[PDB]
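This is the structure I have questions about; it appears just below.
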Amino acid sequence: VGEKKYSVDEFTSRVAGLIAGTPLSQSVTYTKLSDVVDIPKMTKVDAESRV
Amino acid sequence: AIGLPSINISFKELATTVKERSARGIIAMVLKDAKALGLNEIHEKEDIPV
Amino acid sequence: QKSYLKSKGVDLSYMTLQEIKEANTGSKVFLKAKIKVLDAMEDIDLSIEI
Amino acid sequence: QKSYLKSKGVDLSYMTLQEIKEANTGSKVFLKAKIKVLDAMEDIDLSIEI
């Protein structure tokens, strides 16, 4: 995010803020993150397994 | 098991079907020769072996 | 409430439904409720025939 | 929707089609739509008698 590397524990604050911001009627699923620019390449089947 | 969200669109043709019944009007012609032994499957009038 | 009344040894063989509900409980309240919780649209399956 | 509800184990015997239709699905939506696709003229058959 912004030419800075973040650990997962580092981004815990951001994800917690994201869950706190959303209202009750809506869900968190499929929400844009314009701040983030890059993620390590990871396949779809691995994502399904992790989920 | 919960997986990734699924959005799927499917297109299909309405297969209007009339049942296929046993074929009628075919002839089995059996003959003797020394050329092109076996069946020849003359489905067309002008398709004739030489 | 029926279990609690049996626990104190009261004779409830003849007391009927509403009468059992009327019985004094002594600062104890027993309540049950049912609800259905909505959720967001997550998986959409659309089938189109041409 | 009926197949999904029965797969979960609901008793849908007495509830009607209208009643079955509102039944909660839990983040799943099922829809079907019918369309007819036009095409451009490609073969023209004209018959003229004198």
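Every residue, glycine among them, receives a Cβ derived from its backbone with ideal geometry; neighbour counts consider all protein chains shown. The numbers here are math on the coordinates, done by the rules we state, and not lab data.
Exactly one condition in (1) assigned to a loop (DSSP other than H, G, I, E, B); (2) under 18 Å from C:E42 (Cα atoms) is false for A:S34; which is it?
In the conditions (1) assigned to a loop (DSSP other than H, G, I, E, B); (2) under 18 Å from C:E42 (Cα atoms), A:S34 misses (2) alone.
Determine which single condition B:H43 fails, assuming it passes every other condition in (1) within 14 Å of chain C (Cβ to nearest Cβ); (2) in a loop (DSSP other than H, G, I, E, B); (3) not hydrophobic (A, V, I, L, M, F, W, C).
For B:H43, the failing item is (1).
Which condition breaks for C:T25 when tested against (1) more than 18 Å from the chain's Cα centre (by Cα); (2) more than 14 Å from every other protein chain (Cβ to nearest Cβ)?
(1)
Another question, then. Just give me the residues in the range D:6-50 being touching a strand residue (DSSP E or B) at 6+ places or on another chain (Cβ under 9 Å), loosely packed, with under 10 Cβ neighbours inside 10 Å and in a loop (DSSP other than H, G, I, E, B), in sequence order.
Within the range D:6-50, D:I35 is the sole residue that qualifies.
Return yes or no: is B:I48 without any contact (Cβ under 8 Å) to a residue 40 or more places away in the chain and within 14 Å of chain C (Cβ to nearest Cβ)?
no
Among the candidates B:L37, B:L4, B:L31, which residue alone is within 14 Å of another protein chain (Cβ to nearest Cβ), part of a loop (DSSP other than H, G, I, E, B) and out of contact with any strand residue (DSSP E or B) (no Cβ under 9 Å at 6 or more places or on another chain)?
After applying the criteria, what remains is B:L4.
Could you say whether any residue in the range A:26-33 is more than 11 Å from every other protein chain (Cβ to nearest Cβ) and surrounded by fewer than 10 Cβ atoms within 10 Å (Cβ to Cβ)?
yes
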